[PDB]
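Survey of secondary and tertiary structure
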Protein chains: 2
Amino acid sequence: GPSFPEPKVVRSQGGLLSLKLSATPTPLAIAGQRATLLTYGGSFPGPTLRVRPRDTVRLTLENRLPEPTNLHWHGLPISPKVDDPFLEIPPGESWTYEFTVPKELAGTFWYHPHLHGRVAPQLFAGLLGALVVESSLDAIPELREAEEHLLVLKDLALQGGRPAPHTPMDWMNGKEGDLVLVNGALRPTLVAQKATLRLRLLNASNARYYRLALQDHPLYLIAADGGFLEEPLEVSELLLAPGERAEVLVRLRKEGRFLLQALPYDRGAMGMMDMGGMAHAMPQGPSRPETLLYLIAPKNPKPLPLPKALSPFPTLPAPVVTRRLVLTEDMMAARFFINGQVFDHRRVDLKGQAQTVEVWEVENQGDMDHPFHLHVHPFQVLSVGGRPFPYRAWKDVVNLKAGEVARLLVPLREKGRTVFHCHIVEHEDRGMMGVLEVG
Amino acid sequence: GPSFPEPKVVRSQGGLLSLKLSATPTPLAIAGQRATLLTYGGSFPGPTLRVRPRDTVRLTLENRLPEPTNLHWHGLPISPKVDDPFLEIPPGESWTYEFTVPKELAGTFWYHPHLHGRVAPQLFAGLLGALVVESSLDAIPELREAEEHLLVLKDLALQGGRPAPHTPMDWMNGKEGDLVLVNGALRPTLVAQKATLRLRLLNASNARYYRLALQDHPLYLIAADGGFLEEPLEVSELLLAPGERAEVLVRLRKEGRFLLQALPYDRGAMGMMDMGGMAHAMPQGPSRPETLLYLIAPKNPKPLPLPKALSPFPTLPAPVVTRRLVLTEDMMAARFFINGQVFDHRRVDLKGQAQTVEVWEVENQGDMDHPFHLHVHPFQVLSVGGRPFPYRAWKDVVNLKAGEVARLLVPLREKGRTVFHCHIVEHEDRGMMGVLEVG
Ligand SMILES: [Cu+2]
Ligand SMILES: [Cu+2]
Ligand SMILES: [Cu+2]
Ligand SMILES: [Cu+2]
Ligand SMILES: [Cu+2]
Ligand SMILES: [Cu+2]
Ligand code: NA
Ligand code: NA
């Protein structure tokens, strides 16, 4: 096929995307080896759903797993009665998700399981796929003429032809795998045909971070998790935490082969050592560098000019409340807390008013990085670690290094009960999740 | 008492040192705490025996321990029928060691248990003491006028008022303790009354190395394990491996306080870590620096001149055989080998001829330092690691770093069966010992 593997795309037809997926154990060829993964739609990653604003999505999920499951429409500002984090689909049963794509929306989103206590093994085993909301902005020449690709970054570890099981240390750190894949392929080659590439990036890993850098090139950030920036932002590298998305333009500068790498990054994962007294926890330190793909530039590349503007960011009403949410850890117990409590699905932690704006101050008092995710209500990151954010865009995951405070501007949209949690999904499964009720 | 603690001295009287020692569990005050140690003569260290050449030593060892024991007269070139490594003294029984001190002998020696499989816990618990052979060379003015002190370097760890037990890792590495003591005292102060000090140094530790350095001063080496050098040798530091002895002159250069330190040294001890895959062995790295004692110099110190000569080293006959003895390790089993075999007291490994000279090439093919010790027959170290030795003196322990070959000139003296072994005594207990028969 193409030298660059990408998930099959399913497009809405006449304003309707109607599709039956099955979550199923699936024999696959993966990275040169045969393995049985848990997949949506028979593939790893699952199919990319491509829709436009105001489309109707009608997705029937058939559960062919031996355990219950559900879907989280990660990043979509839809009703928590559709994107229902408490729903359980029993083995053999089906459930239809039906919603309308919001009118003021664009970007790369994704879908994956969200059944508390079972997310990490199900996501690690292969249950994920992308959703793209196309925009009228995609027609401006500087983007229309770019070569577009989706990059699903997800790692894996195999044992006996199946996803490796979680160890106790995996529940503490979040599980990372040795197979560092792009769209399920090991170090694919992207042979560019145009000098400007538009790359949609998705970190669908349980816990691995991707400190992205393209050899000899900057990246031009044009979209964050849930929407466009106001104008492109030049960066030398781009850290993508679990659950985050971005879209970048790449302007190929000369002929040649350029590595896209995940550079060394220390997220605070911990090991154990015994040096006499002991045993006690010790930092794992930075990740080893990984090559994600090989990028081959065309002959005599002449990249397009960058767009001068993208989409203006909405002016938000003045906020009506400030919240403080402190993250802490008990690493040796693999227990994780928000304001000193673990998740309880019966307990409402925050009560807010629809169509008001809130300021959320999320403080990481742990030693690990924690990527904080809020369902249903995209937010504007004002600052992290006391540094102002260099752009305005909708996000739904924000990474906090040890000790850092993020200040978020959170407009409350749809009414109902939803959740916020760490998107190191092992930590969510082990308690680092709370309940927000909007009325 | 004196600001500088030293073991009580027992001197020969009229050419006879006749003494009854008991090896006994003993309540002591040690480093500010009460503890029960295993001691000779009720003290830790045991009493220093001080003799002259041709003295008769008659030492009755009474075993009041709950397990068998014996004595090794470490470094003395006497008969292996007296210095008997295979003898067992049962609990409650006594044995008299009787020997004549050789005529051509001088230096610092020591005594400790040597019952195979039980040495490490008995030595660690406190069973050791020094023996000094006085020399007519001690009357030359440059030594007679020096202030003489014995420094027994031995570390300890206490648990519940008793020596800490050996762990599996202790059997692999050799046990080191957190209490780093001199003559059983924690960081004593030596208030010098003379500007020249003569320090007898003994490493009586199971496994700890002492990379000795005196702040702002060199050391003048005048004797190795088993005798004087030919002339003093200036050194900036002096590594003392387990079982080694040295004598140094210190020439105090000005008033003040000077630390005698055990500087960081990496002997190849190993720990265990678990960082995801794992678990696997990892180097412990260098030891942490320790202060051994505080040295206070007198006012306006005017040190004596160094002696120009000490004792000429004997011219040895040409050697008649070359031996090769390869040291290897199985760290995870805590098994240690010489030429691929573990100790067997029934098996003779080398057979040599009395009054001939042999060349022994001892090769460390392990990753840890191993201090190689030969009973009964002191040797001349020719080279280690391919570097010629910078002095001629009798030694009976030679340290080998990983990969190093030591070339030794070994005159065979007394007839009989004796042993050679690593003086990390845990390694001896775990097999790194062989049998030499001299006829
Ligand atoms: Cu998600
Ligand atoms: Cu969630
Ligand atoms: Cu977390
Ligand atoms: Cu010894
Ligand atoms: Cu021995
Ligand atoms: Cu050894
Ligand atoms: Na299927
Ligand atoms: Na006693």
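Residues numbered from 1 in each chain as written, not as in the entry; some residues may be left out. Chains lettered and ligands numbered in written order. Heavy atoms only, no water.

Structure determination for the deposited model, as stated in its record, used X-ray crystallography, and the stated resolution is 1.840 Å.

**Some thoughts on the overall build of chain A**
Scanning chain A for helices and strands turns up four helices and 37 strands. Relative to the 2.2 N^0.38 estimate, which gives 22 Å for 439 residues, the radius of gyration of chain A is 21 Å and therefore close to what a compact globule would have. Here the analysis covers contacts within chain A between residues at least 6 apart in sequence; of these, 79% occur between residues at least 24 apart. Taken as a whole, chain A presents about 17,100 Å² of accessible surface, with 50% of it coming from carbon and sulfur. For chain A, the distance from the average position of its 47 positive side-chain charges to the average position of its 48 negative side-chain charges is 4 Å. (Helix = DSSP H or I, 4+ residues; strand = E, 2+ residues; numbered from the N terminus. Rg over C-alpha atoms; globule rule 2.2 N^0.38 Å. Contact = heavy atoms within 4.5 Å. Areas by Shrake-Rupley, 256 points an atom, 1.4 Å probe, with all protein chains shown as cover. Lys, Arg positive; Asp, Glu negative; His and termini not counted. Charge placed at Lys NZ, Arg CZ, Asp CG, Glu CD.)

**Observations regarding unusual backbone geometry**
A cis geometry characterises the amide bond from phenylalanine 44 of chain A onward to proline 45 of chain A, with omega recorded as -10°. Even without being a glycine, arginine 54 of chain B presents a positive backbone phi close to 75°. By secondary structure assignment, the location of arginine 54 of chain B is in the loop between β4 (48-51) and β5 (56-63). For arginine 54 of chain B, a relative accessible area of 61% puts it in the exposed group. (Buried < 20%, exposed > 50% of the residue type's maximum accessible area, 1.4 Å probe, protein only.)

**Some thoughts on the domain arrangement of chain A**
Residues and elements named next belong to chain A. We note that the domain assignment places domain 1 (1-134), domain 2 (135-311) and domain 3 (312-439) within chain A. Placing the centre of domain 1 and that of domain 3 at their C-alpha centroids yields a distance of 24 Å. Domain 1 puts 22 residues into the contact, and the matching count from domain 3 is 23 residues. Roughly 1,700 Å² is buried in total at the junction of domain 1 and domain 3, and carbon and sulfur atoms are behind 66% of that figure. On the domain 1 side of the interface with domain 3, the three residues burying the most area are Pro80, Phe86 and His116, jointly 32% of the side's total. Connecting domain 1 to domain 3 are zero salt bridges. (Domains from an automatic or database assignment. Buried area = accessible area lost by both parts, 1.4 Å probe. Salt bridge = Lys/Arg side-chain N within 4 Å of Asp/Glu carboxyl O.)

**Brief notes about the coordination of the copper ion (ligand 5)**
Residues and elements named next belong to chain B. Donor atoms from the polypeptide that coordinate the copper ion (ligand 5) comprise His114 (NE2), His375 (NE2) and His421 (NE2), at 1.8 to 2.4 Å from the metal. Within one chain, the residues donating to the copper ion (ligand 5) are spaced in sequence as H-x260-H-x45-H. The metal-metal distance between the copper ion (ligand 5) and the copper ion (ligand 4) comes to 5.3 Å. Within this pair, whereas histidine 114 is found in the loop between β8 (107-112) and α1 (119-124), its partner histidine 375 is found in the loop between β30 (370-374) and β31 (379-384), the two being separated by 261 residues in sequence. (Donors = N, O, S within 2.8 Å, 3.2 Å for Na, K, Ca; no water.)

**Describing the pairing of strand β23 (residues 270-274) of chain B**
As paired elements, strand β23 (residues 270-274) of chain A and β23 of chain B share three bridges and run antiparallel to each other. By the bridge assignment, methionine 273 of chain A is partnered in β23 of chain B with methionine 273 of chain B. Here four bridges tie β23 of chain B to strand β24 (residues 280-283) of chain B, and the two strands are oriented antiparallel to one another. When the sheet's bridge partners are listed, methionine 270 of chain B is paired in β24 of chain B with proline 283 of chain B. Linking β23 of chain B back to β24 of chain B in an antiparallel pair, the connection comprises five residues, with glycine 276 of chain B at a positive phi of about 130°. (Pairing = 2+ DSSP bridges.)

**A short note on the packing of aromatic side chains**
In this description, an aromatic ring pair is defined by two values, namely the gap between the centres and the angle between the planes. Residue and element names in this part refer to chain A. For the structure on display, the rule yields 20 aromatic pairs over all chains. Each ring, one from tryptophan 73 and one from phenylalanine 99, has its centre 5.0 Å from the other, and the planes form 70°; the classification is edge-to-face. Taken as a pair, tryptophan 73 in strand β6 (residues 72-74) and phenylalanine 99 in strand β7 (residues 94-100) lie far apart in primary sequence, 26 residues in all. Overall, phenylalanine 99 belongs to the buried group, its relative accessible area being 6%. Through a chain of ring-to-ring contacts, three or more aromatic side chains come together here, namely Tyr40, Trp73, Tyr97, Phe99 and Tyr111. (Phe/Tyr/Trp six-rings, centres within 6.5 Å; stacked < 30°, edge-to-face > 60°.)

**Focus on the relation of the copies chain A and chain B**
Expressed as a screw operation, the relation of chain A to chain B combines 0.0 Å of axial shift with a rotation of 180°, fitting to an RMSD of 0.0 Å. The superposition operator between the copies reduces to a two-fold rotation axis. Across chain A, the rotation axis passes nearest the C-alpha of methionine 273 of chain A, at a separation of 2.0 Å. When the interface residues of chain A are mapped onto chain B, 100% of them again fall at the interface, so both copies present the same face. (Least-squares fit on C-alpha atoms.)

**Section: the interface of chain A and chain B**
On the chain B side, the residues contacting the ten residues of chain A number ten residues. Note on chain A versus chain B: buried area summed over both sides is about 710 Å², and carbon and sulfur give 62% of it. The tally of links between chain A and chain B comes to zero salt bridges. Counting every contact that joins chain A to chain B gives four residue pairs in polar contact. Going through the elements one at a time, β23 and β24 (280-283) of chain A are the ones with two or more residues in the side of chain A that touches chain B. The element contributing the most residues to the side of chain A that touches chain B is β23 of chain A, with four residues. Within the side of chain A that touches chain B, the residues separate by chemical class into six nonpolar, three polar and one charged. (Polar contact = N/O pair within 3.5 Å; in protein donor to acceptor, adjacent residues only side chain to side chain. Nonpolar A, V, L, I, M, F, W, Y, C, P; charged D, E, K, R; others polar.)

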